[PDB]
Structures are given as structure tokens and as C-alpha cells.
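What follows is each chain in one-letter form.
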Amino acid sequence: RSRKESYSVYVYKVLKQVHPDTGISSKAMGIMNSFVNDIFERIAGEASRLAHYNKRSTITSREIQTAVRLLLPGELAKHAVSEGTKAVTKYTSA
Amino acid sequence: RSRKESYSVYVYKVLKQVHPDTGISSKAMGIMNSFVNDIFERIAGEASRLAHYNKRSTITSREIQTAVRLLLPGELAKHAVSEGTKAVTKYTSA
Amino acid sequence: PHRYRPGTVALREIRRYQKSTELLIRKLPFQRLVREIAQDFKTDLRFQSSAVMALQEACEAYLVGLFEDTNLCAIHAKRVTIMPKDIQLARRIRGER
Amino acid sequence: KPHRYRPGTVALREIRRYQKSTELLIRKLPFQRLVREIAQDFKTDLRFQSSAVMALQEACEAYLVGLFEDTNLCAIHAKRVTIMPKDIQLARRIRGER
Amino acid sequence: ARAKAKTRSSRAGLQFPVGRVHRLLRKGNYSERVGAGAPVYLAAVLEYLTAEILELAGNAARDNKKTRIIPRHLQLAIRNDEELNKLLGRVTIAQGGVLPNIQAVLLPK
Amino acid sequence: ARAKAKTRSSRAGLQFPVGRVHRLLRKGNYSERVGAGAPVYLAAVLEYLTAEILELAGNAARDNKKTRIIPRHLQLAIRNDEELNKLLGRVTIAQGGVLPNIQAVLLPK
Amino acid sequence: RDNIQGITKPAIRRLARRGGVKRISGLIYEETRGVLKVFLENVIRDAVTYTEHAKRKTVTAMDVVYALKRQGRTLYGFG
Amino acid sequence: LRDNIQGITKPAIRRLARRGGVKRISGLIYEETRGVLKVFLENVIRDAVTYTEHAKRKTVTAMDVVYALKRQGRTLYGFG
DNA sequence: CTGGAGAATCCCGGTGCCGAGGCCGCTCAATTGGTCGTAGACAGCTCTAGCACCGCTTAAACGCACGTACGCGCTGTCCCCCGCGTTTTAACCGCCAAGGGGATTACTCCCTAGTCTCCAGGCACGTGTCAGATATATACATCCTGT
DNA sequence: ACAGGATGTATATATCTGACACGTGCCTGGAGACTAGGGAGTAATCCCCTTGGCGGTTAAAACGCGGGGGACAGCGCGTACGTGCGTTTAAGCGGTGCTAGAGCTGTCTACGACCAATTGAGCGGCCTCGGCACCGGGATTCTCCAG
């Protein structure tokens, strides 16, 4: 009766802000769980090396800006930094 | 005047046990330093995931037997496990 | 009697199987292959049903990706017929052989 | 009498010549002007170490020599001996670069 | 008698969790310590990339006149967009199939 | 007045250091804790792989009648052995060159 | 043995149809089932050495998925 | 700086092709190899500069190049 | 095909120059010897789900045949690339010299780990209905012989 | 090019099933407030290394002229693979039952982090001489034109 975590609550909230009259399968939700887990460990895996290369011990948001610019291609990295700095700016104001 | 570490002391000891009348360049020692650093982070990087997949927190020699069997190919993995268990057996006896 | 000229059933099958998502290898003769490729590493292994279907989604994605690469080798040599020259070239360029 | 080798034979002796050596085949000064020309698209007034340009040097010939090995087997497969720019486009698409 | 507990995902206006991502960074063996803005930055990047796919996968579902996204529509969304195809070029999607393209030499004329 | 300090590489009969490899595991962000036999196992695997290359690179140097191993002999050692070529198939060695092979169609007859 | 023959001539031929293949020479059907078994011998021997490391006797679905990811062939839909 | 891609001259691409065992070379191979190499340098320098300004220094070091090649799957030995 | 010519690589041997190897302080990171708490081992138990079986349906593989379009070889023509000589260009070398910025050592402050407590967000579990799969019959579009 | 027939394929309606979407109740992971220790930011300094410049040498690049080998279009011949029909062949289903092993819980014990005082291994600098790089020279191999 163990409790196992996923992102299926949060994917279904983002879907209703983009297509509010569209659903998803169970097999397509298990792929969107595999997507979020994969992109998490790419960015956290690259930010772990950026902190290690510069002999730091803290992963800040600045090691995640650089890991986004390394991993995400082209214009897809340009909107993801805009979406990232805006969330940090709103977080420190509240 | 900072002190930086390499493996150049230890590579030059292994060379004199294999070819005792053979030397090495400086540029070929900087490649053997790049080799040891690379194979270290492949094995320690794979053993870090084996401990994480099984929800362990300790990297033992058993997570390094499995990371050798995953990474090293064919017969090259078969002699490296023989060289590994023999060093652990000699270590616990002394 | 009626007769399609050779090359017209082959194109509607390319249109057919690029529209579907099914597994094209039969299920049971693929389970018997997995259970004997795995019997020379350990005897009496067991498999989950989602562990064999994970192997079949990967082997069919590997071969369909190989036949796209092997088709560009036959068009490059001014042919349209695949032949194992083309497979052995695409295996070499991707660093598999 | 003016002496000439047949077309092909000094081509083979300088396949043997450069497969035996380790020298860097691109001239060093025009490659260093190229690296600094490309790098201005990302930051202005950058500086380079000497060994950072020589690391980009070593990487680019190893990419090209490895590519000219793959594009040669695409030309022999098409039953010819001359590599044409359709053969580079095949080798760079099977590997997954294009 | 302190204050009502506000989630850190609502301080930044996000839907992906900040508190869960902060735990997974700190228990995932990435560094000795984790900054406070680091899960806020990472949960916004993860939310943008899922919003980018579900927008394209939702379009492919209405072009096939369906209201549920099946894994076919995720395959068609990723392999048609040029930036998601390069982010996910080494990734197999199960029950996704391929994209229909016949080489033009094979078409009869 | 305790005892003379013995290195852990001499308890196992190794040349690669056990104490340095133990620090690099424990400060390299791989796990929460590191077993005591884990650097002993890893420093023996690293010692075998360098002994395997320097045996083959030392052979290529005496076949070229030299007594110093230059990076050409490391390239010839790795790309001729079939197991080291697959371990190091995505690795460029600087000043290593290639191996001499002409395709047999190109040779004249 | 005799189980590699179960991947039949029409099963290989319709995998070739999804890849876009127009016509197949008859010496491909003994070629690809040799290419297939080399692929499975690399994925399974990493899958079953995850089961030995976890001291299991069954091959779970995650052991195939972790074995595929380290060959650069990551799979979405099984965990 | 401008017009530096023709510093990679016609006999330099030819000497690179002959280390790869190429016997005969078409004349249109040269304009693509200027473009194939320029795409490759625009991906390594793009990552190497990204490692520099993360560390806040104006000098692209050799370790930044080795790191930028390693994350493209083309590990280079000999520079650290 | 069968030999002299001529070009190129090769083996030799001698002279200089510097990079490897081996040395000597000395600093600091590995070692030794205890101690403390918790990770992982081992046992027991639950109950999921993997293996094995039989039977009936029928979809799919198999085998055979026929003929057509493709692979492959042969041939011929043009023009593109290779080899080589002459002239032009700039890479290469060594040296000179300023100064930008990397690489330290201090110093402080503020950010993050750690802790206890409170509590709501998210997981497991039910539960009903609507998306959709399947059937059945159309019109429609498309391939193909004969024209 | 062109028209009719025939065989697949899209369109539309009808029906059932089961999987998604939702609600509910509980638990544990997240948030609140707080405290204290060290990471990193900031400032100052030092000197390594990078940029810039200049002139002499000569190698390598650019240009250009023959001309010959190879790309490539065209042709014809004969296998060999595609289409289709009839006949085996087991895959797929579904239903039933057994139980091996995954998973969980709850012990406790040995193992590893942590600390501190100590010392020797490894690192940086400092020299020396031998490997080796290169220049000169004669000899072997090898390509190619005429015989």
C-alpha cells in the first residue's frame, strides 16, 4: 500500500490551461511522466557538473540558467530562460 | 603556487613493472591522465546510479563489480573483476 | 482475372503501416526468442509482461530506424531494392560494426 | 623527355604519407582567425588561451578525417572512386547530424 | 496561529511543484547544498516544456477529431516540431509509430 | 608511538592510490556514503586498464625502434586491440593520427 | 533454438514497410534476424545484470528501460 | 573579423581527405567542407563560451573546450 | 608481357639541443585510534502475478506459380580532375613590450542546512458515464486494361 | 491522352463497453518559524600570459596548361521478387489454477562518517645528459615507357 509519486497531477493542470476541452490517455500520461523525469535529470545532471567545475558546492538558479542554455536547443532555450527568470523574480517579490 | 594532483606518479610506476626499459613523453602522460580520469567517472557515475536505483545510499565494492560488468567490454571486464576481487581479498586479510 | 502491377501493393502497405502503431512482430514467437537469448546468462529467469513488451517496442524501433537508413543507401546506389550491402553500410556509418 | 606519373599514383603515396604522420594539416594562423571570427557572434572582446585554440584545432581535423572515412565508403558503395558532395550528405544523415 | 501555509509554487505562480523539485535536488546527489531559487527556476523550465508539447499534442488530437491525447499525438507533436525533435532525437516513444514519408524515387510516374 | 603508517594501496598490493580514490568518491557527489572496499576495488580496475594499454603501447614503441611512448603509440595500441577500441570508440587522442588502411578498390590492378 | 525463425519473412517485410522499403532482396531475411539478435544480446545482458545486482530472479520492466538508456536508446512509456 | 573560412584552403581540405583514405576528389567537395566545418565550430565554440561566462572570465580556456566537446559525445584526450 | 631509366623512399651515420628523469625540501592530505548512530542485513509473512495448461477460431504464415520490372553488365563519349611547372602570397619564425585579467589571500555577512511542529496537498480507492471501438453500408477515389 | 470497370478506402450512423475524470478520506511530506555556522561575494594585490607589432625566409598556396581516366547515359538480357490463390499452421483468447518470488515489516549488528593529533608521501623546482631530431650521403625499391 506504498505511496508512489508522479507528475500526473501537474501535467493535467497544465493541459487544462492550454487545451481546456482535451483529455489524455493513461499511456500518454506515463510518457509525460517519463519526459519530466528525463529533462529533470539532464538539467540537474549538468548543473551538478557546472558547480563542480568551478569548485562551488551550491546549485543556484545561475547554474540552472547555464544548464538550460547548454541542453535546450535554439529558440526553445530562449523562451525557457524567460519563463525561468520571471518565476524567480515573482518568487522573491512575494 | 597551488598544488595540483595528477596520476603521473602512479602511471610511471605501472610502466616500470611492465616495460622497465621504456619511457614516456609528457604529452603521452597527459593522455594517460585523461584516460584514468575518464574511466574513473564512468565507473563512479554508473555505480552512483546502481545505488540510487536500488534505493541504497552506500557505494560498496559490489556496486563497482556491476559497473565494471556494464562498462567494460567482453574479456576486458572478465580480467578486471579478477583483478578487483583479488585486491579486496588481500585488503581484508591485512 | 484482375491483377495489380508490381509496386502498387507495396506502396499501399508503406502507407498502411506508417499510419498505425501496432507491434508488427507476433507476440508469442518474440517471447520465446527473449527467453532463450536470456537463458545463456542465467537459467530459469522470469520476466514481467511489461518487460517483454518493453523489449519489443525497442527492437521494432531499432529495425524501423535501420530500414530508413538502409533505404537511403539503396537510393544512393541508384537502386530501389534493398540488399544486405545496404544494411552493412548503415551499420558501419553509425558506429555499430 | 618530360616525365609524368599516371593520374592516381602520387595520390596513393600521399595517402600513405599522411596516414603515417600526426601533423596538423590545417595551417595554424588562418584557423585561429576563423575561431575568433565565429566567437564574436556570442561575446565581444573574448580572449583565448593558446591551448584552447589548439584544442579546437585537434578536434576539427579528427571530425573531418573521420567524416572523410565515412564519405569514402559511401562513394565506393555507389560504385565509383570519386567522392561527390551528395556522399557527405548521406554520411551526415545516417549518423544523425542532419 | 502563525499564518496559512502558502505553497512555494504559488509564490512564483507555477503549477509544477517547487517543494517536490527542491527535495529531489537535495536527495538526488547533485551537490552539497541547493540554492533557494534553484527549484523555482527548474520547476518553471519543466512547466514550459510540458506546455510546449501538450499544445502541439492537443493540436494533433483535434486534427484527428479526438478529445483524448493518445501516444500517437505525442509522437506527431515532437517529430514535426524542429526544436523538440532535436531535444528528443534519441528517444523512443512507445505506441507512437513513425511519420508518413515515402521517398520520391519510389512513387510511380 | 602507535605504529608506522602503512598506505592502503600497500595493504592490497597496488600502485594506484586507494586513499586518493576514496576521497574522490566521497567528494565527487556519487552517494551519501562510501564503503571501505570500494576504493580498493576501483583502484585495482584502474591499474589493470593502464597496465593493459602501456603493455600494448610499449610494444608499438619498440616496433618503431623508440624507447619513449609518444601519443602515436597510444593511438596504435588502442585502435588495433579489439576490446580497447570499443571501450574508447568515441574518444579522440590528440596527435594520434589514424591507422593506415586503403580500401582495396582504390589499389591498382 | 529455432526461435529466431519465428520472426518470419512477412514480419520482417512489414517492418520494412514502416521504414519505407519498396522491394526486398531475398538475402535480407537472414541478414536482419542476425542484426536483431545482436541487438537483443546487448540489451538483455545489461537487463539481467541489473536483476543480479538487485538479487532478483525476475526481469522487471525498469531493468529493460535502464539498460536501454545507457546504450543511448531511451524509452518512454514504461516508467 | 570577416572572410576567414577561405583560409581553409583547397590543398588543406585535400590533405585532410587523404588522411581519411580518399583517392579522388570532386571539385564541389570544397564548398561543402567549408560549411560542414563551420557548423561544427559554431556548436563547440557556442558551448565553450557558455562555460566561460558562467565562471565570469573573459578568456576561453582549454578546459572549456574539453568540456564543450565532452557534452557533444566527442571526448578529447591531451588537454586536461 | 619484359627490362632499363629515373624518381622516390630507405637505411646509415654523425652533430647539436632539449625534454625526460631523477634529485631535494616541505607542505598537507592520508593515516591511526577511538565513538557514535543508523544503514543494511537477515527473518518472517503476505499476496501479487508469473508460469503452465487445454480448447476452440481464424487470422496469418506457408507454398506454388507466373510474368514483369528491376539489377547488372557492356559500351561509348565527354569533361572533369589529376600531375606538374612557375610564380605569388602569407604562414612561420624570433624578438620586443605593454597591460589585461586570471589566480590568489583576507574578511565579513547572509544564505542554507537543521530542527520542531503543524496541517493540507496529493495518493489510493471507488464509481459512473461518455469517448471511442466495432459493425454495416454507402459514395468516392484510384489503379489498369483497352482505347 | 481517355473512358469504364473493379478493387480498395473515406464517410456516416448505430451500438456497447470500459477507461477516464471525479469525489472522498486519510497520511505524510511540505511549510512555518527559528538558530547558527560556513560558503561565497567583495576588495586588494601580483604576475603570468595574452595581445600587438616588426622584419626576414621560404614553404605552401594560387594559377595554368595538357590529357587521360572515370563518371554517366544508354542499352539488352535474364534472373528474382512481387502479386495472388490455395492450403496448412499456430497465434491469440479466455478460462482455470498453482505458487514462486516481490514486497513489506521489524528486528539488531557491524560498518562508516566524524574527529583529532601525527607524519611521510607527493608536489614543485632545480639541474644533467641521453634520446632523438635532422642533415648528408649512398643504396634499395618501385613506377612506367618502349621493346
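Under the annotation held in the PDB entry, chain H carries the name Histone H4 and is attributed to Homo sapiens. Readers searching the PDB will find this entry under the title "cryo-EM structure of unmodified nucleosome". Entered under Sequence similarities (unreviewed entry) in the UniProt record, the comment concerning chain H runs "Belongs to the histone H4 family."

Looking at the PDB entry, one finds chain G named Histone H4 and attributed to Homo sapiens. The heading Sequence similarities (unreviewed entry) in the UniProt record of chain G holds the text "Belongs to the histone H4 family."

Draft legend 1. Expanded view of the overall build of chain H. Counting its secondary structure elements, chain H contains three helices and three strands. Tracing chain H from N to C terminus, the helices and strands come up as α-β-α-β-α-β. Relative to a compact globule of 80 residues, whose C-alpha radius of gyration would be 12 Å, chain H shows 16 Å and is clearly more extended. Seen through its principal axes, chain H has C-alpha atoms that stretch 45 × 30 × 15 Å. Every one of the 80 residues in chain H was classed for burial, and the buried ones make up 57%. Relative to all contacts within chain H whose residues are 6 or more apart in sequence, the contacts with residues 24 or more apart total 36%. Looking at chain H as shown, the accessible area adds up to about 3300 Å², and 49% of this sits on carbon and sulfur atoms. Computed over 17 positive and 7 negative side-chain charges, the inter-centroid distance for chain H is 8 Å.

Draft legend 2. Geometry of the interface of chain A and chain E. With 55 residues of chain A at the interface, the matching set in chain E holds 53 residues. For the pair chain A and chain E, the summed buried surface comes to about 4900 Å²; carbon and sulfur atoms form 74% of the total. Joining chain A to chain E, the criterion identifies two salt bridges. Where chain A meets chain E, there are 12 residue pairs in polar contact.

Draft legend 3. Spotlight on helix α1 (residues 10-19) of chain H. Extensive coverage of α1(H) is indicated by the burial of seven of its 10 residues. Of the positions making up α1(H), those classed as buried are H:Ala12, H:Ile13, H:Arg15, H:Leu16, H:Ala17, H:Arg18 and H:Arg19. Residues of α1(H) that are buried make contact with α1 (9-18) and α3 (50-77) of chain D together with β1 (24-25) and α2 (29-55) of chain H. Just downstream of α1(H), H:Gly21 is the residue with a positive phi angle, here 75°.

Draft legend 4. How the structure looks around the protein's contact with DNA strand I. Near DNA strand I you find 84 residues, and of these C:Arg5, F:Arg2, G:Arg14, H:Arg14 and H:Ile25 are the closest. In DNA strand I, the atoms that sit within 4 Å of the protein are 94% sugar and phosphate, with bases accounting for the remainder. For DNA strand I, a phosphate oxygen lies 2.8 Å from a polar atom in the side chain of B:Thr58. For the surface near DNA strand I, the class distribution of residues is 21 nonpolar, 24 polar and 39 charged.

Draft legend 5. How the structure looks around the protein's contact with DNA strand J. Near DNA strand J you find 84 residues, and of these E:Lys6, F:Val34, G:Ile24, G:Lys57 and H:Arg15 are the closest. Of all DNA strand J atoms lying within 4 Å of any protein atom, the proportion belonging to sugar or phosphate reaches 92%. In the environment of DNA strand J, a base oxygen lies 2.7 Å from a nitrogen or oxygen atom belonging to the side chain of C:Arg3. Contact between DNA strand J and H:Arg15: a phosphate oxygen at 2.5 Å from a side-chain N or O atom of the residue. The leading source of residues in the surface near DNA strand J is helix α2 (residues 27-37) of chain C, at four residues. Considered class by class, the residues forming the surface near DNA strand J number 21 nonpolar, 24 polar and 39 charged.

Draft legend 6. Region of interest: the environment of H:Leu41. Mapped onto the elements of the fold, H:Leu41 is located in helix α2. Those residues within four positions of H:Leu41 in sequence are excluded, and the remaining contacts are D:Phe31, D:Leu34, D:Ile38, D:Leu56, D:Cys60 and H:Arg46.

Draft legend 7. Local environment of the nonpolar core. The biggest cluster of nonpolar side chains holds 244 residues, and the ones touching the most others in it are E:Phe16, E:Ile69, F:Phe16, F:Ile69 and H:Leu41. Apart from the residues lying within four places of it in its own chain, the contact partners of E:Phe16 are A:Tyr7, A:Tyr10, A:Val11, A:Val14, A:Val36, E:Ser9, E:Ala43, E:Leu46, E:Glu47 and E:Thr50.

Draft legend 8. Spotlight on the pattern of salt bridges. Residues and elements named next belong to chain B. Evaluation of the coordinates by the stated rule reveals 34 salt bridges over all chains. Across the salt bridge formed by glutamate 46 and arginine 49, the nearest N and O atoms sit 2.4 Å from each other. On the criterion of helical spacing, the pair formed by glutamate 46 and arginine 49 is a turn pair, its members being three residues apart in helix α2 (residues 29-53). Residue classification places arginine 49 among the partly exposed residues on the basis of a relative accessible area of 37%. For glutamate 75, the salt bridge goes to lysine 78, with nearest N and O atoms at 3.7 Å. Of this pair, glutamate 75 and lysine 78 both sit in helix α4 (residues 75-93), three residues apart, which is roughly one turn of that helix. Among the residues examined, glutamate 75 registers a relative accessible area of 44% and is labelled partly exposed. The exposure class assigned to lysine 78 is partly exposed, which follows from its relative accessible area of 46%.

Draft legend 9. Molecular detail of the arrangement of the chains. In this view chain A stays clear of chain D, with the nearest C-alpha atoms of the two still 12 Å from each other. Taking C-alpha atoms only, the smallest gap left between chain F and chain G, which are not in contact, amounts to 13 Å.

Draft legend 10. Looking closely at the interface of chain F and chain E. Taken together, the contacts link four residues of chain F with four residues of chain E. Of all residues in chain F, F:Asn29, F:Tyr30 and F:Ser31 bury the most surface against chain E, accounting for 92% of the area lost on that side. At the boundary of chain F with chain E, the tally comes to zero salt bridges. The interface formed by chain F and chain E holds zero residue pairs in polar contact in total. Residues of the side of chain F that touches chain E, tallied by class, amount to one nonpolar, two polar and one charged.

Conventions used here
- Within each chain the first residue of the written sequence is number 1 and the count goes on from 1 in that order, possibly differing from the entry; residues lacking coordinates are omitted.
- To read the labels, note that chains go from A and ligands from 1, taken in the order they are written.
- Excluding hydrogens and water, the side-chain figures rest on all heavy atoms present in the structure.
- Residues with missing side-chain atoms are left out of burial classes, side-chain pairs and their counts.
- UniProt positions are given in the numbering used here, feature names are shortened, and annotations may be inferred rather than shown by experiment.
- Helix and strand definitions follow DSSP, with helices as H or I runs of at least four residues and strands as E runs of at least two, each counted in order from the N terminus.
- We compute the radius of gyration from the C-alpha atoms alone; for a globule the expected value is 2.2 Å times N to the 0.38, where N is the number of residues.
- When a residue's accessible area, from a 1.4 Å probe over protein chains only, is under 20% of the maximum for its type it is buried; when over 50% it is exposed; and in between it is partly exposed.
- By definition, residues are in contact when any of their heavy atoms lie within 4.5 Å.
- Only the protein chains shown count as cover for residues, with accessible areas throughout obtained via the Shrake-Rupley method and a probe of 1.4 Å.
- For the purpose of charge, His is not counted, nor are the chain termini; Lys and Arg are scored as positive and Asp and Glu as negative.
- In this description, the location of a charge corresponds to atom NZ of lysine, CZ of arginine, CG of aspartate or CD of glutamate.
- Two parts placed together each lose some accessible area under a 1.4 Å probe, and the buried area is that loss summed for both.
- For salt bridges, the criterion is a side-chain nitrogen of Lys or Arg within 4 Å of an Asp or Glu carboxyl oxygen.
- N or O atoms within 3.5 Å of each other form a polar contact, as long as, within protein, one can give a hydrogen and the other can take it, and as long as residues adjacent in sequence are counted only when both atoms are side-chain atoms.
- Proximity criterion: a residue is near a molecule or strand once any of its heavy atoms comes within 4 Å of it.
- Each residue is assigned to one class: nonpolar for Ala, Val, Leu, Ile, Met, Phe, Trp, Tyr, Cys and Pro, charged for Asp, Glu, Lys and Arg, and polar for all the others, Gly among them.
- Definition used in this section: a nonpolar core is a set of buried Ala, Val, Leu, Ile, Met, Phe, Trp, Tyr and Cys residues joined via side-chain atoms within 4.5 Å.

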